[PDB]
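Engineer: Just the structure for this:
(chains A and B, ligands or ions: 2)
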Amino acid sequence: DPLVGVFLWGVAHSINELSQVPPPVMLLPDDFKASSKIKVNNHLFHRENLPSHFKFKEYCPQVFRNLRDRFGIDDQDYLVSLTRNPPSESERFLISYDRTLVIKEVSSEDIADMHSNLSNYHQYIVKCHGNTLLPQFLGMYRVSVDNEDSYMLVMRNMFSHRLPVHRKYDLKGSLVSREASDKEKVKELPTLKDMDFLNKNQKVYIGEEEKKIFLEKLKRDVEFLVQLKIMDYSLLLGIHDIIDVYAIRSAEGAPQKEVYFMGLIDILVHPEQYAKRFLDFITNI
Amino acid sequence: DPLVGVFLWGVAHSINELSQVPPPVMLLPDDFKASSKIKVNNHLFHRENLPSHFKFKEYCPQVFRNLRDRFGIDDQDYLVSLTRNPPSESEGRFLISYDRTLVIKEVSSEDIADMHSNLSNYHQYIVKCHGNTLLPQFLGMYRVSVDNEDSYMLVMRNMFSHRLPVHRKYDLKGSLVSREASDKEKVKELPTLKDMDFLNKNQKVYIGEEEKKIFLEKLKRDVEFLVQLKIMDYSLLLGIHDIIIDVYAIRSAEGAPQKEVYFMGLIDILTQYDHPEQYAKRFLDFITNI
Ligand SMILES: Cc1cc2c(Nc3ccc(S(C)(=O)=O)cc3)ncnc2s1
Ligand SMILES: Cc1cc2c(Nc3ccc(S(C)(=O)=O)cc3)ncnc2s1
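Structural biologist: Residues are numbered from 1 along each chain as shown, chains lettered A, B, ... in the order given. Ligands and ions are numbered 1, 2, ... in the order given. Structure as follows:
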């Protein structure tokens, strides 16, 4: 795919360009308004695994470099995860070969919304020291191949780098409890919803100590989302039946040995009401 | 200087891009029509050691990569020579690599257009003589772009020494009209002296018949090649190191009254018709008489 090639080329280019820039002791407000653009035009030269004409744009390289550092990701390991071996594809979504990272395509409007809140997000990551249930935004890019702009967003993978997820839920806490379609339920790993969760009498057995840490994190993250006037997010719930930042192991007493994976996902009826109902639903899980 | 920074950035970029491309078993005619262009536009980023806006163009990367190989220069050593340490600035726009193995000369857009028409003829010639020539060794051709100027840069193997300092310098043409270095020129540390200066100083090159035969055979072919391309107005660069690898160096003969190392190459080979046979014969009559 031309896009993945340009994307991998671009990540290698931007990290190498960053390798020359010393990291600043502080991010200035203009670093949130910053971008790096490269336009390649090869005439009769490279026609192999990479197109002759393309553009690549990295948004706020200083901001995302610092966010990576806060999330404990070295710039070199980030590059290796993304480029040493090709990423695998899902249904537009990719996972790094090592399963540590995830690359999601987003729209131009999603990028515009992400810019308005990038400073508020950075300030929040500083305050909670990278310890959050929110997506860890690691890179934001625009790849251009044959009059087609694709906006790519790199995030830490919420699911395991080794353990396979056996059951998947998208929890919202909506008053009208949504259900996965007939078409969805025939897949190997369907994304089940609230009504599916309730109908299956599913419970998460993690123990009061881990639950307290989880609920405190969630409450702040959701309060932060409400302050940004954000709604329609979900709790991604992954269950593994018997390096992982979002993983919580089954309590010693649990009737089933499981590893749960939980994070906030569609963060791009008013916000206050969304949150209370959201938090009421996953507190009862 | 923004230009040197963009140039060094670009050389590092193009060599790394070349490091991914397997070298072809043969150069196709399109490789002589080829180029690599990169346009950078950084907004509210960098601002230290490099410009926010710039363009870099490498002409015929496959042709110049192969020419380097023929001249026995590995792509990695070429990159190190040019970028590990900054090049020193001489006079024109002319730079020398830190290690003194390479030389970078600014040229004009017309010079580049002339160089393209003859790049295939030059490559064919280098193949025939196995990189053993008195001509400049063209290693890279680039166009560096900044806010108010487009600069065409040409990398060549340095004709002078990488260790030994040149004590006397000549630009020999064999011109019917007397060529002499000006008053202003002669007050410099290393003036470029000309034909009349050479003759007035009763200058001689003491090399020995064996080395002279190799030199004159090389020169005759190179000049025949230049004439075939309708080229004239070239010069023989003569460098003399007075005694207390260099490709163009020839040491003094055992019999010589002075121990010296001479450095000789063909240099202003970009001029054409707008007569070459007459130029060549007049020129060769002059340099054989040394
Ligand atoms: C199964 C998995 C999904 C997933 C995921 N999804 C996701 C994150 C953020 C957003 S956004 C840009 O709208 O905030 C949207 C989707 N992110 C990390 N790991 C995993 S694993
Ligand atoms: C003192 C020195 C000059 C010099 C030199 N000059 C030069 C070569 C080629 C041309 S061109 C593009 O018109 O062919 C013009 C000038 N080239 C290599 N080493 C040295 S050392």
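
Engineer: Need the nearest residue in space to the residue of the stretch 51-200 of chain A found nearest ligand 2, chain neighbours excluded.
Structural biologist: Residue nearest to ligand 2 within the stretch 51-200 of chain A: residue A:52 (29.2 Å; CB to the nearest ligand atom). Using the backbone N, CA and C atoms, a C-beta is placed for each residue, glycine as well. Using CB to CB, 6 or more residues apart in numbering or on different chains and skipping the chain neighbours, the partner closest in space to residue A:52 is residue A:42 (4.5 Å).

Engineer: Strand partners (parallel or antiparallel) of the helix or strand harbouring the one you found?
Structural biologist: Following DSSP states H and E, one finds residue A:42 within strand A:35-43. Here strand A:35-43 is paired, per DSSP bridges, with strand A:53-59 (antiparallel), strand B:35-43 (antiparallel).

Engineer: Of these, which is nearest residue A:75?
Structural biologist: strand A:53-59 (12.5 Å; CB to CB).

Engineer: contacting residues for residue A:141?
Structural biologist: Counting by CB atoms under 8 Å, 6 or more residues apart in numbering or on different chains, residue A:141 touches A:7, A:10-11, A:14, A:56-59, A:151-154.

Engineer: Between those residues, which sits nearest residue A:266?
Structural biologist: residue A:153 (12.6 Å).

Engineer: ok, what's across the strand from that closest one?
Structural biologist: Under DSSP bridges, the beta-bridge partners of residue A:153 are residue A:104, residue A:140.

Engineer: residues in contact with whichever residue of the stretch 101-250 of chain A sits closest to ligand 1?
Structural biologist: The nearest approach of the stretch 101-250 of chain A to ligand 1 comes at residue A:158, 3.5 Å away (CB to the nearest ligand atom). Applying CB under 8 Å, 6+ apart, we find residue A:158 in contact with A:102, A:135, A:236, A:238, A:245-246, A:261-263, A:265.

Engineer: Skipping adjacent residues, who's closest to it in space?
Structural biologist: Nearest one to residue A:158, counting by CB to CB, 6+ apart, is residue A:263 at 4.0 Å.

Engineer: Settle this for me: the one you found is touching residue A:246, isn't it.
Structural biologist: Yes. The criterion here is CB atoms under 8 Å, and residue A:263 meets it with residue A:246 at 4.8 Å.

Engineer: Kindly state the domain boundaries assigned to chain A.
Structural biologist: A:2-156, A:167-283 (automatic domain parsing).

Engineer: before we move on, back to that, among the contacts of residue A:141, name the buried ones.
Structural biologist: Buried by 16 or more other CB atoms under 10 Å in any protein chain shown: A:7, A:10-11, A:14, A:56-59, A:151-154, out of the contacts of residue A:141.

Engineer: Near ligand 2, list only the ones from these.
Structural biologist: Checked against ligand 2 using CB under 6 Å from any ligand atom, the buried ones among the contacts of residue A:141 yield no neighbours at all.

Engineer: what's the closest of those residues to residue A:164?
Structural biologist: Nearest to residue A:164 among these is residue A:154, at 22.4 Å by CB to CB.

Engineer: ok, that closest one - contacts?
Structural biologist: Neighbours of residue A:154 in contact, by CB under 8 Å, 6+ apart: A:78, A:82, A:101-103, A:137-141.

Engineer: of these, closest to residue A:168?
Structural biologist: Nearest to residue A:168 among the contacts of residue A:154, with distances taken as CB to CB, is residue A:102, at 14.1 Å.

Engineer: Setting aside sequence neighbours, what's the nearest residue to that closest one?
Structural biologist: Using CB to CB, 6+ apart and skipping the chain neighbours, the partner closest in space to residue A:102 is residue A:157 (4.4 Å).

Engineer: ok, now how distant is that neighbour from residue A:184?
Structural biologist: Distance, residue A:157 to residue A:184, using CB to CB, to the nearest Å: 22 Å.

Engineer: quick one, which of those two is more surrounded?
Structural biologist: residue A:157 (22 against 13; other CB atoms under 10 Å in any protein chain shown).

Engineer: how far away is that one from residue A:131?
Structural biologist: As judged by CB to CB, residue A:157 and residue A:131 stand 17 Å apart.

Engineer: what's the neighbour count on the spatially closest residue to residue A:154 that is not a sequence neighbour?
Structural biologist: Among residues not flanking residue A:154 along the chain, residue A:139 sits closest, at 3.8 Å (CB to CB, 6+ apart). Neighbour count of residue A:139, defined by other CB under 10 Å: 24.

Engineer: so what's residue A:139 up against?
Structural biologist: Neighbouring residues of residue A:139 by CB under 8 Å, 6+ apart: A:11, A:58, A:64, A:68, A:78, A:152-154.

Engineer: Any chance of these in JSON lines with distance to ligand 1 as columns?
Structural biologist: Below are those laid out as JSON lines (distance: CB to the nearest ligand atom, whole Å):
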{"residue": "A:11", "distance to ligand 1": "17"}
{"residue": "A:58", "distance to ligand 1": "17"}
{"residue": "A:64", "distance to ligand 1": "14"}
{"residue": "A:68", "distance to ligand 1": "15"}
{"residue": "A:78", "distance to ligand 1": "15"}
{"residue": "A:152", "distance to ligand 1": "11"}
{"residue": "A:153", "distance to ligand 1": "6"}
{"residue": "A:154", "distance to ligand 1": "10"}
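
Engineer: Nearest to residue A:23 among those residues?
Structural biologist: Closest approach between the contacts of residue A:139 and residue A:23, by CB to CB: residue A:68, at 10.3 Å.
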